[PDB]
Visitor: 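Sharing a structure with you now.
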Amino acid sequence: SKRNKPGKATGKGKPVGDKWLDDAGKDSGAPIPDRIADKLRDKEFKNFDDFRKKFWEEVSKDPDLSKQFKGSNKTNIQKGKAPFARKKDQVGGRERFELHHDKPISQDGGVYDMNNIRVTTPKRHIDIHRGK
Amino acid sequence: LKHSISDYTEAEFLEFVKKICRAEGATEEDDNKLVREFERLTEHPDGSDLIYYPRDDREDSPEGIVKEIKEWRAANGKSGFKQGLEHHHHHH
Ligand SMILES: [Ca+2]
Ligand SMILES: [Zn+2]
């Protein structure tokens, strides 16, 4: 429900190198890269799904992130679809990387706060929320 | 065809892999449904990784995916594709 209201992206991402989504299956997941956050900051989004689609589009425009995906995943992100996670990191019915709110939305974590958003594998998003 | 990968000719199975690779589903779930069916049909242990995380030493393309599946099924004594009409001769 709070994910269904519009908002504006704020905040700072983090430095990211050549193994960005290696982080996505551990701890709180991988950060929004700081140069991506720079490009989205203070833009208006109609809902979180809007932000999610525009986020993956922005990733597609960043050659140093784009190069971390093989061809079919590059096609997905250019179309604003999330990339597929590795088979070992998927859950039945949940095959793609997921955006997670480190401080959860239910705990008044900011929905479009880019310091708060993480990219996680489906297994790890579930395991974060059951305390693993 | 629909029950088994052996009900598809190789051309028809390639058109299916092409479709997944285009990622043009109107929603992600439409394409996810194709991927789950791909895993069911191929029976290949790597599943979706064949599509999205391919081995570096064959081609990253729908044709490369179809070749790696063909070879693995042959190697493992599984039934292969339906015979197509490619071998048929037209008179002149
Ligand atoms: Ca998501
Ligand atoms: Zn979460």
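Below, read A as the first sequence line, B as the second, and so on, with proteins coming before strands; counting in each chain starts at 1. As a basis for the values below, the full set of heavy atoms in this structure was taken, side chains included, without hydrogen atoms, waters or symmetry mates. We count ligands from 1, going down the list as the structure has it; atoms in each ligand are counted the same way.
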Visitor: Run the salt bridge (charged side-chain N to carboxylate O under 4.0 Å, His left out) check on A:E57 and A:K53 step by step: do they pass?
Guide: CA-CA 6 Å; A:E57 298 175 325; A:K53 178 152 117 83; 3.1 Å; yes
Visitor: Considering only NZ, NE, NH1 and NH2 on the basic side and carboxylate oxygens on the acidic side, decide whether B:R36 and A:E95 come within less than 4.0 Å.
Guide: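 Judged by the 4.0 Å cut-off on N to carboxylate O distance, B:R36 and A:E95 do form a salt bridge.
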Visitor: Are more than 12 heavy atoms, taken from residues, nucleotides or ligands other than A:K19, located less than 6.0 Å from that residue's NZ atom?
Guide: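 Open.
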Visitor: Does the distance from a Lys or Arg side-chain N to an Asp or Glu carboxylate O, for B:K19 and B:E24, drop under 4.0 Å?
Guide: no
Visitor: State yes or no: are the ring centers of B:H91 and B:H89 separated by less than 6.0 Å?
Guide: yes
Visitor: Suppose the cut-off is 2.8 Å; which protein N/O/S atoms would you list for the Zn ion (ligand 2)?
Guide: A:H100 ND1, A:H125 NE2, A:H129 NE2
Visitor: Strictly by modelled atom types, are B:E59 and B:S61 linked by a side-chain donor-acceptor pair under 3.5 Å?
Guide: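 There is such a pair between these side chains.
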